[PDB]
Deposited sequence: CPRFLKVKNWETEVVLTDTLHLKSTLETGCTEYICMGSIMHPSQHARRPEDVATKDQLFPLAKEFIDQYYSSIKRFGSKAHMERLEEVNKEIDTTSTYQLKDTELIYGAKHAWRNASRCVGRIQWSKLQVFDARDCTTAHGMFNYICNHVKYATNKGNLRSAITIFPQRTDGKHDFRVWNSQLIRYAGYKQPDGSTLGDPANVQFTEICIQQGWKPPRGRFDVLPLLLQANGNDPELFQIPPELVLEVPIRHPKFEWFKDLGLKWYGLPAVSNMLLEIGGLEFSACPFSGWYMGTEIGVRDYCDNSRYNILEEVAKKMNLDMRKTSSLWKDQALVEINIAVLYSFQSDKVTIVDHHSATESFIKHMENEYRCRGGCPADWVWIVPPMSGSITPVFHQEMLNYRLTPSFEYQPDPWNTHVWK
């Protein structure tokens, strides 16, 4: 049955028919909602999954039931029969990748989904080759600050014993170190991965913003360390348009957000290595990266320099320091002409994007809990926007951290 979503600010009402095409589960039941939970093949299973994907591909290019469509199905069935798997055509690969992004309920940036540069790395066989592909990705995506969305797709999972994995959670991240006393130098989110690198032979500068090495795993072998050429890593020193002391905090960040630990699923096939990149919404750095307790935690230091009253919470000193930090981040990127979007602008685009999708697609899966920005929620248009969440394929999925699964040789 059709479902309605209402915007309470504008009273605009959209009708969802798209959810009727979903097949994967949300995590919820009729009795319990799990909307705030972060994480709620064989020949036999594979072909219908493949058949489904091939179907909507040919439906997308308006050639459903064509001879070419029929033949492709017959070709895929025979190939699963003989080899227990199948390979995607280049067109299918690109379509599948764009629609995995399109279907990403938690991404507020999806108005861009069809502008995605797809790099086909399924011929890769070694970690050295993975390194090369990734360098090319980073260079292309960065584009001297005029960032471009991209995804590099490495060979699909075979028997599960020969997975390609990027062990980094992002291509570019700063190191974190457990200090002797107990605190943390650098980025606390990355303390474990940093130690994994150090064990593998990485010589840490033990600085505050050390770019981590790539830890790359090809065909199920032991992962190998590589250093991204520094000239490929674009960074932005964070300063504030009024507070001239803000630069004295010695903060900077990287311009390219590039998530590398997720799994891309297309027509039953699993791509365990598929780093993808876009550009930042300011809050991702300014709110989460800098102000989470389990992160850089600079709220105190900034509020002190703003000489704010920090004894009582009701002075909202945390709230004030937060806005200023996020002003600094936006101002810094824009001044260095590195692509960035503020949460007001991003959330506006998303409402516009939703309207588009309801119009041409009959819906848009959207995770309110993740779509609403981590600051100033209700003065953004998405706060008052009702959303329906459901799981469409092709999709990006979570997967276990490889150091929990890998058997070292």
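Missing from the model, by position in the deposited sequence, are residues 1 to 2, 43 to 52.
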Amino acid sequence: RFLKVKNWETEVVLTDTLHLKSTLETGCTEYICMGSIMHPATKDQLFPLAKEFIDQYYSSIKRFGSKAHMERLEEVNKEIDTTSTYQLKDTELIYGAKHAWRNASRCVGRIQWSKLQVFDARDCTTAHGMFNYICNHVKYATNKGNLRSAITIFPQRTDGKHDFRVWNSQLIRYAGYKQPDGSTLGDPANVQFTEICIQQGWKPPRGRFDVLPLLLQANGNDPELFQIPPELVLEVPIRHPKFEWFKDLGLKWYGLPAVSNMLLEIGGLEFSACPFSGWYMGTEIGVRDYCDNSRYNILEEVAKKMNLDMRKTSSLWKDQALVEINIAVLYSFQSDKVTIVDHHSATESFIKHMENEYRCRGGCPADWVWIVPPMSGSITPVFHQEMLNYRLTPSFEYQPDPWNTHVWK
From here on, numbers count along this sequence of modelled residues.
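Whichever C-alpha set is largest while still superposing within 1.5 Å between the two forms counts as the rigid core.
Displacement analysis by core superposition in 8 other deposited structures of this protein ranks 290 to 298 above the other of 290 to 298 and 277 to 285 in root-mean-square C-alpha distance from the shown form. Taking the mean C-alpha B-factor of each stretch as recorded, 383 to 391 and 7 to 15 are not equal, and the higher mean is that of 7 to 15. Between the stretches 50 to 58 and 367 to 375, it is 50 to 58 that shows the larger average CA temperature factor. Of the candidates 337, 148, 102, 242, it is 242 whose Cα B-factor is highest according to the PDB record.
Comparing C-alpha B-factors across 289, 319, 163, 265 in the deposited entry, the largest value falls on 289. Remark: residue 98 belongs to the lowest third of its chain, ranked by C-alpha B-factor as recorded. For residue 227, the recorded CA B-factor ranks within the middle third of the chain. Only modelled residues enter the ranking.
In the deposited entry, the Cα temperature factor of residue 348 sits in the middle third of values across the chain's modelled residues. In the PDB entry, a CA B factor belonging to the middle third of its chain's modelled residues is recorded for residue 325. Per the PDB record, residue ranking by Cα B-factor puts residue 355 in the middle third of the chain.
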